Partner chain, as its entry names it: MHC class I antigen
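Take a look at this one chain, the form deposited without its partner chain, written out in structure tokens.
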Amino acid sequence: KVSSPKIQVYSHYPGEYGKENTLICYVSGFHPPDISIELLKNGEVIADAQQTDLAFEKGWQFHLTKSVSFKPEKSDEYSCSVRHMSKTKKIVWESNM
């Protein structure tokens, strides 16, 4: 039956403050292929995020990408919120900084 999503959150370019960038969430390895993804800014859903079509590879692996433009500042927490089998997991963007 079941396997939990792997959730990876990153930016397209180096995540320096005040610079326009893209926040990306890559979600993979989940069974069943029934999932939802949201990108959050301080715990609030970011609008106009775009999600790839569900991909399916090698007879077993599903993956999805959700992305949105963002401008990271010091005090703001960006995250990816993924609900699978009615359980939500939140993964914070690890800026560094």
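Numbering follows the first chain given and starts at 1.
Same protein, other form: the form solved in complex with its partner chain, not shown, and the subject of what follows.
- In the deposited complex, its partner chain lies farther than 4.5 Å from every heavy atom of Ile46.
- Although the partner is absent from this view, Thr88 stays clear of its partner chain in the deposited complex, with no non-hydrogen atom inside 4.5 angstroms.
- Under a 4.5 angstroms non-hydrogen atom cutoff, its partner chain in the deposited complex has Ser11 among its neighbouring residues.
- Remark: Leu40 does not count among the residues lining its partner chain in the deposited complex, judged by a heavy atom distance of 4.5 Å or less.
- If you take 81-97 and check each residue for a heavy atom within 4.5 Å of its partner chain in the deposited complex, you get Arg83, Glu94, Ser95, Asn96, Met97, in sequence order.
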